[PDB]
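All remarks here apply to the structure that follows.
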Amino acid sequence: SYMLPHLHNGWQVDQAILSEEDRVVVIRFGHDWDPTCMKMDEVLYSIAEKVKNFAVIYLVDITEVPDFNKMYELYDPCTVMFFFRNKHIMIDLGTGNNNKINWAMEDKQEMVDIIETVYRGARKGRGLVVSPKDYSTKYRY
Amino acid sequence: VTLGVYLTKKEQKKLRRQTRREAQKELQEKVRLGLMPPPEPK
Amino acid sequence: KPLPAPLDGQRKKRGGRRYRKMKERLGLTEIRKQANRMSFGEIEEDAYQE
Amino acid sequence: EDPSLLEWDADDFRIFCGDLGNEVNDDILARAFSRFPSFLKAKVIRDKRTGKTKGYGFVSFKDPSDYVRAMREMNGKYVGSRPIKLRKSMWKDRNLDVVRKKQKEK
Amino acid sequence: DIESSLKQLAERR
RNA sequence: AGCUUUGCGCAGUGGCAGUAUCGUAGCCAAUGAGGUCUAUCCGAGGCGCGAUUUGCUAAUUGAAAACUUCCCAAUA
RNA sequence: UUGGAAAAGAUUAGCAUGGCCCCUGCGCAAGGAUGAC
């Protein structure tokens, strides 16, 4: 499956980041073999037709284009990062850093809310968007 | 020859609303662009 | 099933017999008193009335 | 007094271009081509001896109808690091204040 | 289109 | 010759404004949508969408809430 | 007149505009009634 077209070329991915400016660009640097990236792709497909009018999500393979995993240092098996009009917005997840999500978010509503908040912060220009979630914990009990 | 036909009541209401809106918009465009000051709204 | 764009209102300039009717009928003004105060000194209701 | 409007008194359509970034549209604020003279005799005002722009900048188009059409079509459009909008200029010196005081209380 | 990528992913898993 | 009917569009006035005003773009619809009266009678709306748009003024918070320089010092 | 240092414009409320329902003056269609030594 993986209906989201993965930008094979690194320069193609960079141009795609420079392609759209009025919406949210999310790149899934996870390798499609691992099950975690499969769950991330499933979550994206859940929000494929929802956040489409406000965002443009693309997949990525760190093996295909390695420059993204060597310059941005995306060492996680499946890290979700955002870039808005040549500005990598930071989501205030609270996991020590804000460059990636790094978690296999199995909740479609949580992903949709995060996308909406990221879009609102990008519109407001805040480079560090306050994520409306307590991602610092496992959020399970 | 050149002859007309009847109209519709719903079409009449739509035409009246659209014509009033278009007249207001045309007046605003003509008197707000900067060619002639508009009067006070009465 | 599209999703509405993350956009809000531009600015507020109208009010009174143009937007006040909706804010008085639909979003009608509640008591706004005797229901928001807590009286941090005393205790009106029971300890576990809730 | 402020001897500034002497270089801009052209009976044109003047608009308020402000609430933008400090460096956004620093020198190309009039580079747009929505009309014939763009923002003629207009620039971005700034706070002197600080290297910073104080927001509002001059926006004066010599064509009134073209200015109105461009402002309506480009209200809050993407302008550099901060999309700014347009609104009617004040141009209210003391020659307007005297007449306003005369016509208000009388 | 997506068929080739899906087949490639499946063949490695 | 004066007036006037459906009244129309302009401009003024009065009132209404979430049930309403309208597009209704999805659908039926002058080739009948609907029924306790009227049933061999009546004959044009209804289901769902979305808002009630144009500007000015005061205030309000904030250090600043915006329209072309500024805080300073003996004089003129 | 002379002289030294230099919130990416927001919240809240009314007023008219604006939307429709009524009338008026205007403009005129098709007509309706009448005066015509």
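We name chains A, B, ... following the order of the structure tokens; residues begin at 1 in each chain, and ligands are numbered from 1 as shown.
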Residues of chain D within 10 Å of chain A, counting only C-alpha atoms, what are they? List them as number ranges by chain. D: 78, 81-83
Compile a residue-level contact table for chain C against chain A at a cut-off of 8 Å, reporting for every qualifying residue the shortest atom pair and its distance in Å to one decimal, with only C-alpha atoms counted, rows ordered by chain and ascending number, as CSV.
```
residue,atom,partner,partner_atom,distance
C:1,CA,A:50,CA,6.8
C:2,CA,A:50,CA,5.5
C:3,CA,A:50,CA,5.5
C:4,CA,A:53,CA,7.8
C:5,CA,A:54,CA,5.9
C:6,CA,A:120,CA,6.2
C:7,CA,A:120,CA,8.0
```
Distance-based interface of chain F with chain C, 12 Å, counting only C-alpha atoms (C1' of nucleotides), as a list in words: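 Filtering chain F at 12 Å from chain C with only C-alpha atoms (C1' of nucleotides) gives residues 16, 17, 18, 19, 20, 52, 53, 54, 55, 56 and 57 of chain F.
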Resulting file, chosen residues, N, CA, C and O atoms (P, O5', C5', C4', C3', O3' and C1' of nucleotides), as a PDB file, in the first residue's frame:
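As written to disk, result16.pdb reads:
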```pdb
ATOM      1  P     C F  16     -38.757  45.113  16.156  1.00  0.00           P
ATOM      2  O5'   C F  16     -38.517  43.735  15.394  1.00  0.00           O
ATOM      3  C5'   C F  16     -39.599  42.856  15.124  1.00  0.00           C
ATOM      4  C4'   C F  16     -39.246  41.865  14.044  1.00  0.00           C
ATOM      5  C3'   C F  16     -37.993  41.043  14.285  1.00  0.00           C
ATOM      6  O3'   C F  16     -38.217  39.946  15.153  1.00  0.00           O
ATOM      7  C1'   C F  16     -37.977  41.877  12.074  1.00  0.00           C
ATOM      8  P     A F  17     -37.167  39.615  16.324  1.00  0.00           P
ATOM      9  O5'   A F  17     -35.992  38.847  15.575  1.00  0.00           O
ATOM     10  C5'   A F  17     -36.272  37.786  14.675  1.00  0.00           C
ATOM     11  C4'   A F  17     -35.124  37.554  13.728  1.00  0.00           C
ATOM     12  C3'   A F  17     -33.759  37.371  14.371  1.00  0.00           C
ATOM     13  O3'   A F  17     -33.547  36.037  14.806  1.00  0.00           O
ATOM     14  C1'   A F  17     -33.604  38.860  12.519  1.00  0.00           C
ATOM     15  P     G F  18     -33.628  35.648  16.364  1.00  0.00           P
ATOM     16  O5'   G F  18     -33.701  34.056  16.348  1.00  0.00           O
ATOM     17  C5'   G F  18     -34.635  33.374  15.516  1.00  0.00           C
ATOM     18  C4'   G F  18     -34.027  32.158  14.859  1.00  0.00           C
ATOM     19  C3'   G F  18     -33.651  31.017  15.804  1.00  0.00           C
ATOM     20  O3'   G F  18     -33.816  29.769  15.128  1.00  0.00           O
ATOM     21  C1'   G F  18     -31.715  31.782  14.689  1.00  0.00           C
ATOM     22  P     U F  19     -33.964  28.404  15.965  1.00  0.00           P
ATOM     23  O5'   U F  19     -35.146  27.620  15.238  1.00  0.00           O
ATOM     24  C5'   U F  19     -35.067  27.279  13.858  1.00  0.00           C
ATOM     25  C4'   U F  19     -36.346  27.619  13.131  1.00  0.00           C
ATOM     26  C3'   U F  19     -36.281  28.878  12.270  1.00  0.00           C
ATOM     27  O3'   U F  19     -37.166  28.737  11.157  1.00  0.00           O
ATOM     28  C1'   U F  19     -37.894  29.173  13.965  1.00  0.00           C
ATOM     29  P     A F  20     -36.592  28.746   9.655  1.00  0.00           P
ATOM     30  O5'   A F  20     -36.794  30.250   9.168  1.00  0.00           O
ATOM     31  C5'   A F  20     -38.047  30.910   9.293  1.00  0.00           C
ATOM     32  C4'   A F  20     -37.852  32.381   9.552  1.00  0.00           C
ATOM     33  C3'   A F  20     -37.009  33.118   8.516  1.00  0.00           C
ATOM     34  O3'   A F  20     -37.781  33.589   7.422  1.00  0.00           O
ATOM     35  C1'   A F  20     -36.145  33.546  10.669  1.00  0.00           C
ATOM     36  P     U F  52     -22.801  34.822  11.518  1.00  0.00           P
ATOM     37  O5'   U F  52     -23.790  36.037  11.224  1.00  0.00           O
ATOM     38  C5'   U F  52     -23.339  37.215  10.570  1.00  0.00           C
ATOM     39  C4'   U F  52     -24.471  37.907   9.853  1.00  0.00           C
ATOM     40  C3'   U F  52     -25.709  38.188  10.695  1.00  0.00           C
ATOM     41  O3'   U F  52     -25.601  39.377  11.456  1.00  0.00           O
ATOM     42  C1'   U F  52     -26.358  37.146   8.679  1.00  0.00           C
ATOM     43  P     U F  53     -18.144  37.156   7.510  1.00  0.00           P
ATOM     44  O5'   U F  53     -18.648  38.625   7.160  1.00  0.00           O
ATOM     45  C5'   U F  53     -19.991  39.012   7.410  1.00  0.00           C
ATOM     46  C4'   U F  53     -20.668  39.499   6.154  1.00  0.00           C
ATOM     47  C3'   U F  53     -20.292  40.896   5.686  1.00  0.00           C
ATOM     48  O3'   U F  53     -19.065  40.936   4.979  1.00  0.00           O
ATOM     49  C1'   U F  53     -22.643  40.645   5.621  1.00  0.00           C
ATOM     50  P     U F  54     -17.910  41.960   5.428  1.00  0.00           P
ATOM     51  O5'   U F  54     -18.547  43.398   5.179  1.00  0.00           O
ATOM     52  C5'   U F  54     -18.790  43.870   3.862  1.00  0.00           C
ATOM     53  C4'   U F  54     -19.000  45.363   3.840  1.00  0.00           C
ATOM     54  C3'   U F  54     -17.991  46.191   4.620  1.00  0.00           C
ATOM     55  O3'   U F  54     -16.773  46.399   3.925  1.00  0.00           O
ATOM     56  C1'   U F  54     -20.171  46.926   5.141  1.00  0.00           C
ATOM     57  P     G F  55     -15.449  46.812   4.736  1.00  0.00           P
ATOM     58  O5'   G F  55     -15.718  48.324   5.165  1.00  0.00           O
ATOM     59  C5'   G F  55     -15.147  48.869   6.346  1.00  0.00           C
ATOM     60  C4'   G F  55     -15.878  50.114   6.782  1.00  0.00           C
ATOM     61  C3'   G F  55     -15.397  50.764   8.070  1.00  0.00           C
ATOM     62  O3'   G F  55     -14.250  51.576   7.885  1.00  0.00           O
ATOM     63  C1'   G F  55     -17.754  50.602   8.101  1.00  0.00           C
ATOM     64  P     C F  56     -13.238  51.842   9.106  1.00  0.00           P
ATOM     65  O5'   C F  56     -14.032  52.843  10.058  1.00  0.00           O
ATOM     66  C5'   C F  56     -14.309  54.173   9.647  1.00  0.00           C
ATOM     67  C4'   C F  56     -15.201  54.887  10.631  1.00  0.00           C
ATOM     68  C3'   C F  56     -14.698  54.959  12.065  1.00  0.00           C
ATOM     69  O3'   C F  56     -13.730  55.972  12.272  1.00  0.00           O
ATOM     70  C1'   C F  56     -16.962  54.299  12.064  1.00  0.00           C
ATOM     71  P     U F  57     -12.591  55.779  13.389  1.00  0.00           P
ATOM     72  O5'   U F  57     -13.360  55.993  14.768  1.00  0.00           O
ATOM     73  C5'   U F  57     -13.915  57.256  15.100  1.00  0.00           C
ATOM     74  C4'   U F  57     -14.857  57.163  16.275  1.00  0.00           C
ATOM     75  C3'   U F  57     -14.279  56.591  17.558  1.00  0.00           C
ATOM     76  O3'   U F  57     -13.509  57.527  18.294  1.00  0.00           O
ATOM     77  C1'   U F  57     -16.372  55.592  17.127  1.00  0.00           C
TER      78        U F  57
END
```
Please identify every residue of chain B that has at least one atom no farther than 10 Å from an atom of chain G, counting only C-alpha atoms (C1' of nucleotides), and for each give the shortest atom pair and the distance in Å to one decimal, arranged by chain then increasing number, as CSV.
```
residue,atom,partner,partner_atom,distance
B:13,CA,G:20,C1',9.9
B:17,CA,G:19,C1',8.1
B:20,CA,G:19,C1',9.6
B:21,CA,G:18,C1',8.6
B:24,CA,G:18,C1',8.5
B:40,CA,G:16,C1',8.6
B:41,CA,G:17,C1',5.6
B:42,CA,G:16,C1',6.3
```
Define the interface residues of chain D facing chain C as those within 12 Å, counting only C-alpha atoms, and report them as a PDB file with C-alpha atoms, in the first residue's frame.
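Final file, iface.pdb:
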```pdb
ATOM      1  CA  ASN D  75      -5.152  41.888   1.620  1.00  0.00           C
ATOM      2  CA  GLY D  76      -2.832  40.019   3.964  1.00  0.00           C
ATOM      3  CA  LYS D  85      -2.295  43.731   4.915  1.00  0.00           C
TER       4      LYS D  85
END
```
